[PDB]
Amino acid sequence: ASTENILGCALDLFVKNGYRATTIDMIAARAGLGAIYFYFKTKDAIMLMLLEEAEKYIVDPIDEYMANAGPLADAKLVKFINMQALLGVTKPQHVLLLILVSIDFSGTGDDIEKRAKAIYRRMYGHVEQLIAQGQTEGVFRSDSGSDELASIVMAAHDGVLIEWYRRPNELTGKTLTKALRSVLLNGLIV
């Protein structure tokens, strides 16, 4: 709990300030603690640990929940969309780390970025598989590759979350979910 307390405060600070601006001193004060160094040697160690939490909450569960959704790929896609929305409400900080730590701009450095890139690819792979299945079933269109279509699904998902970070006083994590689902399934055209 002293450990959870550290991780959660770090996570809040990274999200509000960025990784570079956040310091162990700041995390320690917020967490209510020298103490911090005995749990984690460095700030580094703290982000890496946060990435593992993210993988556990966001990514580890996907294979089973997808397998068990159905009967066809459309129901599975809806399930993925609904699970992501739920994570966006309840664990948005973890989601944001996966989306942004996995690019240079975040300022974490290559070791941390590489771990996030890997976790992202694991998630994406499940989406690409789902799309491919639907194409086999005749549920989803086949005029584009499952790889490209999956990227679109992940891109929309990433953007929606970032948009909450952009305008929290005007929307919630769920505000955009129906529109997201509607567009991904049937598009804008009547």
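Just count from 1 along the sequence shown to find any residue number.
The segment from residue 26 to residue 27 is modelled without interruption, since every residue of the deposited sequence in that interval carries coordinates. Stretches compared: 120-128, 38-46. Higher mean C-alpha B-factor in the entry: 38-46. Two stretches are in play, 148-156 and 132-140, and the higher mean C-alpha B-factor belongs to 132-140. The maximum CA B-factor among the listed residues 66, 31, 162, 58, taken from the PDB record, is found at 31. The PDB entry assigns residue 9 a C-alpha temperature factor belonging to the highest third of its chain's modelled residues. Ranked by Cα temperature factor within the chain, residue 92 sits in the lowest third according to the deposited record.
In the PDB entry, residue 102 places in the lowest third of its chain by CA B-factor. In this PDB entry, the Cα temperature factor of residue 166 sits in the bottom third of its chain's modelled residues, the lowest group.
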